[PDB]
Ligand SMILES: Nc1ncnc2c1ncn2[C@@H]1O[C@H](COP(=O)(O)OP(=O)(O)O)[C@@H](O)[C@H]1O
Ligand SMILES: Nc1ncnc2c1ncn2[C@@H]1O[C@H](COP(=O)(O)OP(=O)(O)O)[C@@H](O)[C@H]1O
Ligand SMILES: [Cl-]
Ligand SMILES: [Mg+2]
Ligand SMILES: [Mg+2]
Ligand SMILES: [Mg+2]
């Protein structure tokens, strides 16, 4: 099974990772109120409304009633209301769902972020190798399998000691292989450590961050942040 | 009498003005919770903790026990806790208070903003003219009275028709006299209109925005925002 994005991000935050969990809403009225209250802190900010469904490919999916996209930018709380009203109580159709679509009864309302870089990072049990592995790449061709077949050099696989877990040396090297320098190296190290603790201590079969981002804070500091999150379990 | 900053800013927002009302906290532990929850929306952002006291000169004031400043930057929720712990339940000393200081039992927790320009703008009851007047300047010499005496030409005065309120022509010119262009012109017009409706509909004796700011949103859009606010009434 999988848990929803906002819950996965909350779990990551509990273990010390930086992730935009936003706030969940079960009505367009609530979504509007969330956005309106956020304008008390960052007046004029834009918003993103993300359908919370147990399926991927939301950004490029489309709703049964016509609207395009499960991840949509909004300029105002009223636009947040309108967008959320087309998601909540309706059926989203993506690549992963097929024509059958998937029901949505809730969204995440978050602030729109300035994104400088997007990475893919996942942690799973690699049966072939017999150990957990951290997989990551800086390519933006979406499909992780697509990049793997068109550019094997683009994918970094880090085998993890089943017993001791990741070592600082492994994570520092991965951070530099992804092109990070300066404070972002240790920032990425700390975030991947948190992600591995989620994977390990929560008995997950996969922790997948697509994308793991370099973002700018409202005062332009560059930090690592999970922009999407999917955590799977065996039940 | 006067009301607190956050109450004045909430009033401005009710009438359509853009103002950072933040969120008020009546205890240090609540101040921490507010900052921590804000990292769900703008992960990595810095914070500002503003003592809510009925006195000016907070920025340069100092607390009875040593801490400097009634408006303080903080990097983390725990720093917000530490700062709020020295403000809530303690005595702040500013120019306006004298050595007797003033008690503080609550703070505003705000997101740290990127501030590009700071203006002064006030709306007063002018008895010599028998009508309200808007006074504004782009100078940063703190003392409005100081700037007024050393550079009267730096101050722009706009008499207001009580029957019609500020006109688009008056406000467009004021916005350009303050150095604004592009979308900020209309932005400033709409905000000053709201400020006048506050002044008029709430029967205020003074609405003073020091500073009225040009800020950047988290995605770098330039918008007008009230960064401080003082609204006076007669008992
Ligand atoms: N807060 C945000 N601000 C701006 N863009 C965002 C934000 N969160 C996500 N995005 C963008 O939206 C895209 C799609 O969202 P995502 O969470 O990856 O869902 P999915 O994989 O189902 O399409 C991301 O690849 C990212 O580029
Ligand atoms: N959210 C914020 N981020 C950064 N600077 C801020 C923020 N809010 C206010 N400031 C700055 O703090 C200074 C002092 O705050 P202010 O509200 O004017 O208090 P006071 O005038 O009573 O000292 C202002 O000149 C303004 O530029
Ligand atoms: Cl963190
Ligand atoms: Mg994704
Ligand atoms: Mg001030
Ligand atoms: Mg910026």
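Sequential numbering from 1, following the chain as shown.
Technique stated in the header: X-ray crystallography, 1.9 Å.
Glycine is no exception: its Cβ is also placed from the backbone N, Cα and C atoms.
According to Swiss-Prot:
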- B:46: site 'Important for substrate specificity' (SITE)
- B:50, B:57, B:58, B:59, B:118: ATP binding site (BINDING)
- B:114: site 'Important for substrate specificity' (SITE)
- B:210, B:228: Mg(2+) binding site (BINDING)
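Features as recorded by Swiss-Prot, highlighted on the structure.
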residue: B:46; record: site 'Important for substrate specificity'; CB count, 10 Å: 20
residue: B:50; record: ATP binding site; CB count, 10 Å: 23
residue: B:57; record: ATP binding site; CB count, 10 Å: 14
residue: B:58; record: ATP binding site; CB count, 10 Å: 23
residue: B:59; record: ATP binding site; CB count, 10 Å: 15
residue: B:114; record: site 'Important for substrate specificity'; CB count, 10 Å: 16
residue: B:118; record: ATP binding site; CB count, 10 Å: 16
residue: B:210; record: Mg(2+) binding site; CB count, 10 Å: 17
residue: B:228; record: Mg(2+) binding site; CB count, 10 Å: 21
Residue B:46 (site 'Important for substrate specificity') and residue B:118 (ATP binding site), Cα-Cα, nearest whole angstrom: 20
Those recorded positions in B:46, B:58, B:59, B:114, B:228 whose CB falls under 6 A of ligand 2, listed in sequence order: B:58, B:59, B:228
Filtered recorded positions - B:46, B:50, B:58, B:114, B:228 - keeping only those with Cβ under 8 Å from chain A: B:46, B:114
Residues B:50, B:57, B:58, B:59, B:118 [recorded ATP binders]: greatest CA to CA distance in Å: 18
Beyond the site residues B:50, B:57, B:58, B:59, B:118: chain residues whose C-beta lies within 8 Å of the centroid, for ATP: B:56, B:60, B:70, B:71, B:228
By Cα-Cα distance, the member of recorded positions B:46, B:58, B:228 nearest residue B:114 (site 'Important for substrate specificity'): B:46
DSSP-derived structure type at residue B:46 (site 'Important for substrate specificity'), helix or strand or else coil: coil
Euclidean distance between Cα atoms of residue B:58 (ATP binding site) and residue B:46 (site 'Important for substrate specificity'), Å: 20
Length of the line joining the Cα atoms of residue B:59 (ATP binding site) and residue B:228 (Mg(2+) binding site), in Å: 11
Inter-residue C-alpha distance, residue B:210 (Mg(2+) binding site) and residue B:50 (ATP binding site) (nearest angstrom): 15
Contacting recorded positions, sequence order - B:46, B:50, B:57, B:59, B:114, B:118 vs ligand 5, Cβ under 6 Å: none
Separation of alpha carbons, residue B:228 (Mg(2+) binding site) and residue B:58 (ATP binding site) (Å): 11
Distance, residue B:57 (ATP binding site) to residue B:228 (Mg(2+) binding site) (CA atoms, angstrom): 11
